[PDB]
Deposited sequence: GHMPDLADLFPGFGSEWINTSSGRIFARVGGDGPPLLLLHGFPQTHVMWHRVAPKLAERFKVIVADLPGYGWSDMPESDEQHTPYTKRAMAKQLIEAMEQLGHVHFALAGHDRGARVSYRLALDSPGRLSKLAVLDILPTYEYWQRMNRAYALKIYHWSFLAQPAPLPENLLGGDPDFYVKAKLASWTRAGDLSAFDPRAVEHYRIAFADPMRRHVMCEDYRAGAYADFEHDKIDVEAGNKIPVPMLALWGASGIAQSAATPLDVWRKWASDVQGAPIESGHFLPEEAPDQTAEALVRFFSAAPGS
């Protein structure tokens, strides 16, 4: 009775509680073939991949993981530098988990915060990856360097959620269900929840309802403003580029990704932010093609 009996949106997939030095990672595991790890972002959990994972599982062993501190993964204790919720730390943790599953090398696709984990993992440990896909992001450095009025107003949450505790946490606590539902609605094409399966929205809402989970999300954004930014700035100063074959998908950027990656393909997808849920067929097909190439 320690976990809610939420809807199963991955029929046929198993459940794994994977040990790491920073805590357990929860994942769904399905398919057969070369390993492909899929990482969600904010304010979601691993269930966001439920419409694309079955297709991918024809050709790949698909591992659909809750990021450190999100969903059902354990929540390591943070510190004043937000260390465990840095993308560098999260990447190291997820490497530990994949090694538990039998995989020293793997393919990787990430969305939003999970895409940030993914490009940081590719910078820090490129040898771990066969191929990388990032969905609807630019590097964290790039978002901050372009900060001006227009962006401050659009991505206000990068600066609000990064304010020192307990400010955002005390505000999110009033009506968390409103905040989470309006965030998911507002960055879809339609501007409503019609794109999401209601069972998926329930997973998101149940996660967001827990104050400890919301504190993790704020620590993630505090890393995003500080350590993650400094980590990216070090790579910019040395002109470091990802050598892993990469695919950048975005909701209707490749020019930004060339500065950061020496072998990058891209495509627009007819979607708002939430590509795997808004445009599952088009997203699945792009990823299937990319990851099947050798």
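*Asks:* Point out each run of deposited residues with no C-alpha coordinates, keeping the order of the sequence.
*Replies:* Model skips 253-261, 304-306 of the deposited chain.
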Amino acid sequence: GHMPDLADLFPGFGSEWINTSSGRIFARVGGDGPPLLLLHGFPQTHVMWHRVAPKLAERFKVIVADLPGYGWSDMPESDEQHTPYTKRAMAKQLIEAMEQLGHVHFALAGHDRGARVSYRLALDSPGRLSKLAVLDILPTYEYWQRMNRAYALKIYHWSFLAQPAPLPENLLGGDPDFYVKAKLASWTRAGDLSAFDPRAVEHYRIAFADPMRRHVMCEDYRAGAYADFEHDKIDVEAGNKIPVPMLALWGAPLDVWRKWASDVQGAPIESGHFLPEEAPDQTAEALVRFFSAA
From here on, numbers count along this sequence of modelled residues.
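*Asks:* Which is higher in the entry, the mean Cα B factor of 260-268 or that of 22-30?
*Replies:* Higher mean C-alpha B-factor in the PDB entry: 260-268.
*Asks:* Could you check the entry and say whether 194-202 or 130-138 has the higher mean CA B-factor?
*Replies:* Result of the comparison: 194-202.
*Asks:* For the listed residues 162, 108, 155, 123, which one has the largest C-alpha B-factor as given in the deposited model?
*Replies:* Of the candidates given, the C-alpha B-factor peaks at 155.
*Asks:* Comparing recorded Cα B-factors across 37, 53, 248, 47, which one is largest?
*Replies:* Most elevated C-alpha B-factor of the set, per the entry: 53.
*Asks:* Please place residue 220 in the lowest, middle or highest third of its chain according to the CA B-factor in the PDB entry.
*Replies:* CA B-factor rank for residue 220: lowest third.
*Asks:* Could you place residue 173 in the lowest, middle or highest third of its chain by Cα temperature factor, using the values in the record?
*Replies:* Within its chain, residue 173 is a highest-third residue by C-alpha B-factor, going by the deposited values.
*Asks:* Would you mind ranking residue 239 by its C-alpha B-factor against the rest of the chain and naming the third, lowest, middle or highest?
*Replies:* Middle third by C-alpha B-factor.
*Asks:* When the modelled residues of the chain are sorted by Cα temperature factor, does residue 232 land in the lowest, middle or highest third?
*Replies:* Ranked within chain, residue 232 CA B lands in the lowest tercile.
*Asks:* Against its chain's modelled residues, does residue 149's Cα B factor rank lowest, middle or highest third?
*Replies:* For residue 149, whose C-alpha B-factor we compare with every modelled residue in the chain, the answer is the middle third.
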